Amino acid sequence: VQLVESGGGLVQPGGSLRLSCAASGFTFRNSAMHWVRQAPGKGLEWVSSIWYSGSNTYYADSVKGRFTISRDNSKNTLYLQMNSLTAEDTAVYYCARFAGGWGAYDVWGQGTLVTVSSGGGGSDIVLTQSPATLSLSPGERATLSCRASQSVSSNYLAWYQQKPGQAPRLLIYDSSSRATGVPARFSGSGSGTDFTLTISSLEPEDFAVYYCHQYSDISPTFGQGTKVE
Amino acid sequence: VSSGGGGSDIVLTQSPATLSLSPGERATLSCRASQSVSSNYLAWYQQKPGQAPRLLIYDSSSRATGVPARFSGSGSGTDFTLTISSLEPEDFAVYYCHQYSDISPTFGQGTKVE
Amino acid sequence: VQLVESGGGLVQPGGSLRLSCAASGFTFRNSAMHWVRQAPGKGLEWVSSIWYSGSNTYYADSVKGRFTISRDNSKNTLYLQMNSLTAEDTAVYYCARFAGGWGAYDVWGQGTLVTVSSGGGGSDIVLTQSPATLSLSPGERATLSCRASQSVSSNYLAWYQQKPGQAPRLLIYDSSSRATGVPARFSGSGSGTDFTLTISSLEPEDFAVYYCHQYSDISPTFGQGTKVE
Amino acid sequence: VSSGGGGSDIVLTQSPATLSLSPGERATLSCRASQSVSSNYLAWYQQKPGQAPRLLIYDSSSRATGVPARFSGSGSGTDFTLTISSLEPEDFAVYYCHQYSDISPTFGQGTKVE
Amino acid sequence: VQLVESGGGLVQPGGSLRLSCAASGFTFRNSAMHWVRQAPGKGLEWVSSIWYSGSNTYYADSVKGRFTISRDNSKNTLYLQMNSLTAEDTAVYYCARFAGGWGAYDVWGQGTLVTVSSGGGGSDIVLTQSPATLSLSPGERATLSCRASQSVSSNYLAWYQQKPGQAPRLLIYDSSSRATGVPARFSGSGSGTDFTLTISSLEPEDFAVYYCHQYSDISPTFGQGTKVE
Amino acid sequence: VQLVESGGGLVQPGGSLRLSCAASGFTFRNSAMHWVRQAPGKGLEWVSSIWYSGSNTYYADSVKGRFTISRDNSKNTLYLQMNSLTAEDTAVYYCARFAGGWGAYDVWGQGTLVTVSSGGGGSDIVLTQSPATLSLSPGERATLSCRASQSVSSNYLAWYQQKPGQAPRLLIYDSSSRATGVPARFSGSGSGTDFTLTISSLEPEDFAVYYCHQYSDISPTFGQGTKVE
Amino acid sequence: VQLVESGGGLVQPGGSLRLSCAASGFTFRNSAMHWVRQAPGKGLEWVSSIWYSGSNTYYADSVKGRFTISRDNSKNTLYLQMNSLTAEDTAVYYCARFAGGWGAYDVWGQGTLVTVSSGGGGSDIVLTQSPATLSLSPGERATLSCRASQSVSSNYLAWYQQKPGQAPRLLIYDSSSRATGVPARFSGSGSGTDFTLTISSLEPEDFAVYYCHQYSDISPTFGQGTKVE
Amino acid sequence: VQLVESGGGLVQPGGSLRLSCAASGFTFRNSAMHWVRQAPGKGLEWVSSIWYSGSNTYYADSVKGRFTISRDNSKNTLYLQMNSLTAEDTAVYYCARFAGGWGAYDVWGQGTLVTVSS
Amino acid sequence: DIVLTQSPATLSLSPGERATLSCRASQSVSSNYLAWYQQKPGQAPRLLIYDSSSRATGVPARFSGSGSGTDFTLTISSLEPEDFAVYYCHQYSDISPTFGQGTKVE
C-alpha cells in the first residue's frame, strides 16, 4: 500500500508543472485521491480531490481555474497539472488517499517541493519596524524605528501614514524630507540601515498605521507597519 | 477572489501552540472546531521535519494501524483531545488535527511538541 | 548580478534530470561556472566546473561518468545533465560563478532540491541490537539483545555469526531453533519485539560479529550487529 | 565502484563543530588544511536555514562588499581563522570554509554558531 | 614555596569548623593571604583576605558575620574560622598567596572539602509537574499533570492555586475532592503515581501558578509548579 | 478560621529571627501546624511540623539544627525560631494548618518575607567567559574569551587551569605574562574589558577547565570557567 | 531510617581522626554496623565491623592495629577512631547498617572524604614511560621513552634495569652518562621533558623491566616501567 | 560605598517598626539621606529626608506626624521610626544617599518589605 | 508640585532595537535636575542618568539622556536582555521630589 510521487522543482512565475502519484497495493480505480500542500514553515492545506466517475472534482479557491486534477485508472496514476504558477504556490505538495470514515488520509506520498521564483541568489532588502504597537496619548511623542537588512543606497527610504479604510499618505521621503503639507511635528532621520520617524507631539488624528518603504533598487519593499493607537 | 458564499469553513484551533516536555511525561493536545464536526470525522496527524504527515487517530478516537497504544484521541462535536500518555524521544514532532465532515476539508494550525 | 536557477524535483532511482542556470548582469562568457550541492543536514560539496572556449570541464569523483556540465553562451545559460541518479544524489544544487582571487563563489543561485526516491518512508521493521560492542573473556557468557520496532509475526527472527572476510553463518532461526551443526552453547529466545542470543561459555572461535534478522514480512531487515571481542 | 579516488584533495577541518554564545560575545572559528593552501585562496561562507550560502571572506582576509566590519578573516598556509568580533542576532548560522587553490575545490564541514 | 592545608570534613547545619594553612618557602609575615572556595560543579569564588598589620581584612558578602580570617605569623599559619554553616557553604576551600601585579594567586593549597549536611537523602517522594508553562486563552481547557516517583499512599495529593503576591489557596485534596467554594470547573483525578488537574473552561481569574502536594508521609513535598498564563 | 502571621524582615547572615502565627476560629490545640516557605521566584517547600502534646516534631534537612518550631496552646500561637540564617533562607514564610485527609493545607497565613543579606550589592566587576564548552582535538587551537562589565584597571587579569580533583594552576597574570613553567603555547592578551586566552596547539594534558580572574579592586571576582574537552 | 555521618577532612600523615555516624529509625542496639571506604577513582572496600557485645569486632588487614571501631548504643552512634594515618588511607568512608540475609548494606551514610597528605597545591614530577611493552628479538634496537610532566632541572634523570627477583641496576644517570660496567650498547639522551634510552643491539640478557627516575627535587619519582620481551 | 539596610517585616495595624541603614565608604556625617518607598505594583515615592545639623528634616504628607527620621553620625547609621502603621504604609522601603547635582540618588539600600495587615 | 508623566507605559522590543523613553514635566525642571533609574524585578533602583544628561559611573554608553525644561528623553541604543526592566524618571529641582510612573521595557 504505497503512493510513489514524482515531479516538482524550481519554476518561473507563470510557468507550468505536472505532478504524478503512482499507487499500488489497493483498488486505485475506486479510491478518492486528494492533493494537499504545505507552504514553507506553515500548516497543511487541502488543494484538490477526484473520485469515481459520477462524482464532482473539487478545488480550493487558491487553485481553482489554474490547476487540473486527473487520473488514469489503467496506470493507477494520479495527476496534478499546475498552470499559471505564482509565488504563493510555493509549497511541498502531497498526494494522499482519502478513506473518509475508514482512515481519513491514511496513505501519503512522500511529497515534492514546488518553488515558484524568478529571483537570484538572492535577497530583497528586508525592512523591520519597531515597535509593532505604540499606545500613547495626545501630546506625547511617538518614536518609530525602521531597520533594513542591507544598506539603503542614497537613503531612498520613505514613511507613510495609513488610516483605516484610506489609502496611504506620504509623510517623509529621502529619509529626512518632509512632504508638502505635512505638519512640522513629523520628522525623519537616520541613514544606511537605521531609520527613525518621530512625531513630536501627537494629535488625535495621528493615530494610524505607519509604514517605511525603501525604493533604492528594482525590488521595492515595505516594512510591516507600526500601529500607533 | 472567492467561489464560496457568505458561508464559513469549519475553523480548527489547536492549543497550546507549543508544548515543551521531557520523555516519560504526558502530552495533552486540544483541537477546537468553530462548528460541530458531523459524525466526529476528525483525525490527528504526526509530522516530523522533512517528512510527510503520518496518520495517528481517525474518527476522533480510532487508533490507526501500527500506532502505539500510548496515543489516544477523544472528544466529540466541537471539543477534541489527543493524548500521548508517556512521551518517547520519537514522539517530538508537530501534530495537526483535521476535519473531513464536509466538502471543504480544513486543518488545525498545529501544536509543536518539543 | 543574478543567477536564475530552474529545474529539479522528485525522481526515481536510475532516472535523469537537467538543471539550468540563467545569468545576467555580468560577462557570462568570461566567467568560470561551477555547480555545488548540499545533502540534507550535510555540508557543501563541489560537483563540477566549466570555463571558456578551450572546454576544460572538471567533475567530482562521485559524479564522473554520470553528470555532464555544459554552457550556452548565446543564451547566457549553464546546464547540468544528471543521469544514473541515486538516493546519494539527493541534495540542493546551487549554480555559482567562480571569481577565484577576485571573489571565490561570489554569486550563487538560490538552489533547487533534487530528491531521488522510489517512495521510501518506512513500513520496514527496525531491529536494534545492543550493545554495539562486548569485551569478554573465554569461558564467560555473552548475552545479546535484538529489539524490533514492531511485533515480529510468527517469531520469524534469525541470528547469524560473521567472522572477518567470511560469509555469515546461520546460528538460530525461528527465534529459538538451533541450526544444523551449531554447538549447544548457542541459544536464542524471546518473542514479539524482544529477542536474545545467549552464548553460554565463550570459546576463542566465538569472537565475531553477530546479526539478528527478521523475515516476517516482504521487507526483510537486519540488526546492525554486535561485535564480541 | 570508483573513478580513481582518492586522493590529493586538500582536507579542511573546522573546529569546533558547535559554538553556543550570546549576542555581544566573540565567535572564533578555526579552519585547518591538510596541506598548504597556495596563495591563501581560502574563503568563508555564511548559510542560514533554507537559504543559499553568502560570501563573507575570500583570499583568507578580504571582507566582501557589504559584509559588516565585525567579520574578519586571518591566517595563512594551513591555519585560518574567522572572527566575529561581537555577535549580533542575525549572525547565528552555519559557517563554511572553502579552499580554491587547485582543481579539486573542497569545503569544511561547517561550524554552527547557535 | 608551598601552602600545606589541613582541616575540613563533614558537619551538620549550624556547626562550626576551623581550617589551617601552614606556609614555607617565603616571607609569610608580609604576604597577603586569601581563602577561595569552589562548590561541587561550580566555579571559583573569593572568600576572605588578610594582610599586614595596618591593613583591612575583607570578606565576601555571604560569609560576613559568619567567617573569621586570622593569621599567626610566629607559626607561619593562616586560619579560617567557619561558623553558622549551611548547605550553601559546601565547597573545597583553598588558601592562596596573593602576589598582585607579580603573580595574582601564584601559590595555592591543595584544598580541603567542607560538606554541610544533616542527612544523605534524597529518598523523598519527588513530584514532577508538566508542563512547566501553559499559554492558553480564556474558555480553553488546561490539563495539568503531576507524576510521583513512588506511589502516593491513600492518594493523599492536593492541588493549590497561587497568584502573584498572595498565599496559596487549596483547590483539590485527596486527589479528587474539591475544597469548599472551589468552582466546579476545577477537577482532580488519578491515583498511585499519576495525577491530573483539569480546568474545564479557563476564566481570566484562573491564570496563576498551580502546585501539587503529597502528604502521604512525614516528609511533605511539592511539585515545582505549572504556570498557566 | 484564620491564621494571623507576624515577624520577618531584613537581617544579616548569621543573624536570628522569630516568626509568629496566632490562630482563631478553630480548636488550635488539636491541629497539626506546619511552616512552608517559598524563595523568590521558586516553588513551595516544606520547612517544619508540630502536633499534639506528645510533640513529635519534624524539620526539613536544610534547617535541622538551625530552626526550632514550637507552640503555645494557651495563646493559640505557633512560633518558628530561625538561627544561623544565610542567603538560602531568603523566602516568604507561611504558617499553615494541616488537615490531612480532610483538607491538606486548608488554612494559610498571608506570609512574611524574610531576607538575609549583608549588603545591597553586588556592585562587583562581572567576568563573562565564552564559550562555556569547547570540544576540540589535540593539535587544534583553543581561543577563550573573558569579557568584563567594567574596565579592569592596570589589566590586572589572570588565567588559571584546573584539572579534575586538583587545585587551580596559574597560567597568565597581568593579562599577558606567562607564569614560570607555563609553556609558550599558552598566551594571554587584551585590555580594558576584552581579554582572551589562546592555546596554540592543544596537547592531551591541556584539556581542563580555565578561569579568568580580575584583581583590580578589593572585591576579587572570577569567571564561571570554560571547559576544554 | 537514616545514618547521619560526620567527621573527616584533610590531615597530616601519622595524624589522627575520628568519624561518627548517628542512627535513627531502627533498633540500632541490635544492628551490625560496618565501615566501608572508597579510594578516589577506585571501588568499594570493606574496613571494619561491629555487632552485639557477645561477638568480636573485625578489621581489614589494611587498617587492623591502627583503627578502632566502637559504638555507644545509648546515643545510637557508631565510631571509627583512625590513628597512625597514611596516604593509603585516603578515601571516602561510609558507615553502613549490615542486614545480612535481610538487606545486606541496606542503609548507608552519605560518606566523608579523608585525605592524608603533607603536600601543597603543586604536584610531584610525573614520569610516563612508553611503550608499556616492547616485544623484540636479539640483535634488534629498543627505543624507550620517558616524558616528564615538568622540566627536569639539570637533566637529573636516571635509567635502571631490573630482572625478575633482582634489585634494580643503574644504567644511565644525568640523562646521558653511562654507569661503570655498562656496555656501550646502552645510551641515554634528551633534556627538559623528553628523554630516551636506546639499546643499540639487544642481547638475550637485556630482556627486563626498565625504569626512568628523576632526582631534580626533594620528592623523587619513578616511571612506571617499560618491559622488554 | 554601600548602605546596609535592616528591619521590616509583617506588623499589625497601629503597630510600630524601626528601620536601620548602616553606611560605609563615604563621609556619612555630611550626607543628605532619604527614605523612599514603593508599594507592591506601584511606583517610587519619596518618604523623608535628613541632612546636616542646621537644616530642616522633611516628611511627605502621608507620613508626617507618624514617622520620624533620625541619624547617629557616630555610628554612621540612618533610622526611620514608623508608628501608627496602616495598610497603606505597606511598601518596600529604601534608604538612599542624595547627591543632588552630583548624582541624585546615586547609592541605594537593597530595600526591606514592610507589610501592615491583620 | 511637579508632575512627571512617562510614555509609553509599555514598550515591547527585541534585543538590538532602540528604546526611546519620554519624561514630561508639568513645570520647568530647574537646572535640569532630572534623573533616570533602572529597576529589575526584586532589586533596588539603580542610577543611570542624572542632571538630565550625565551618565553615572559604570553605566554603559548605550544609555543616553537628553532634553531640558519640560521634555526629557532616555535612549537605549541597543537593547540587551539585561536592559528589560522598568525605568523611572525623577526630578529633584525642589523640596518635593517626584517620580514618573515608570516605563516597562519588555
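To find a chain, count down the sequence lines: A is the first, B the second, and so on, and within it residues start at 1. Quick note: numbers below take in every heavy atom, side chains included, and nothing from hydrogens, waters or symmetry partners.
- Counting heavy atoms from C-beta on, the side chains of A:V92 and A:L113 come closer than 4.5 Å.
- In this structure, C:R71 forms a cation-pi arrangement with C:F28, its terminal cationic atom sitting closer than 6.0 Å to the ring centre and no more than 45° off the ring axis.
- Contact annotation for A:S6: both backbone and side-chain heavy atoms come within less than 4.5 Å of a heavy atom of chain C.
- Interface remark: C:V107 contributes no atoms to any contact with chain A (heavy atom separation under 4.5 Å).
- The ring pair (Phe, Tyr, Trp, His ring centres under 6.0 Å) test with C:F98 is passed by exactly one of C:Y105, C:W51, C:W108: C:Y105.
- Checked against the 6.0 Å centroid threshold, A:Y211 and A:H213 do not count as a close aromatic pair.
- Both the backbone and the side chain of A:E5 come within less than 4.5 Å of a heavy atom of chain C.
- Interface summary for chain A: among C:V114, C:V11, C:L10, the most heavy-atom pairs under 4.5 angstrom belong to C:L10.
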